[PDB]
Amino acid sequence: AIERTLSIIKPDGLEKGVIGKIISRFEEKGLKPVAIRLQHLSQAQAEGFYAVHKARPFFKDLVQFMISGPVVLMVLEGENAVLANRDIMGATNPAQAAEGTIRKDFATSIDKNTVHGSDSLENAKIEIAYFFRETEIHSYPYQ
């Protein structure tokens, strides 16, 4: 089914100058960007967004990196988007990422892994509403 999922190009992705290349990976696989906004997250925004990891030992580092510079927030729409997105991104740890994935091609380490994608449809709903009004999301037909 057609689903909507959240994608975030992390600070390292912008610094590497590959925003366009990452978006093209999605577009060519049928994941249509229907919302996009470059933003610099505050500490409160990063902490609230990653609440599910608050008990994890990497939480503090994740938050500091996520606010180290601006990120590109996006909503991708497409067939089985939640899973398709994660496949395209590749393993969380670049070392284990498959060839041709965003993380294998551009990520430096597990901490600076270039992208985030919602892990489930339930989480996607929450993550999207966290950063986008419904009025900021616009589908359009492909020609």
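Sequential numbering from 1, following the sequence displayed.
Between 12-20 and 117-125, the higher mean Cα B-factor belongs to 117-125. Relative to one another, 64-72 and 86-94 have unequal mean CA B-factors, and 86-94 is the one with the higher figure.
Reading the B-factor column for the CA atoms of 102, 38, 55, 41 in the entry, the top value corresponds to 55. Sort the modelled residues of the chain by CA B factor and residue 107 lands in the highest third. Among all modelled residues in this chain, the alpha-carbon of residue 34 has a temperature factor (C-alpha) in the lowest third.
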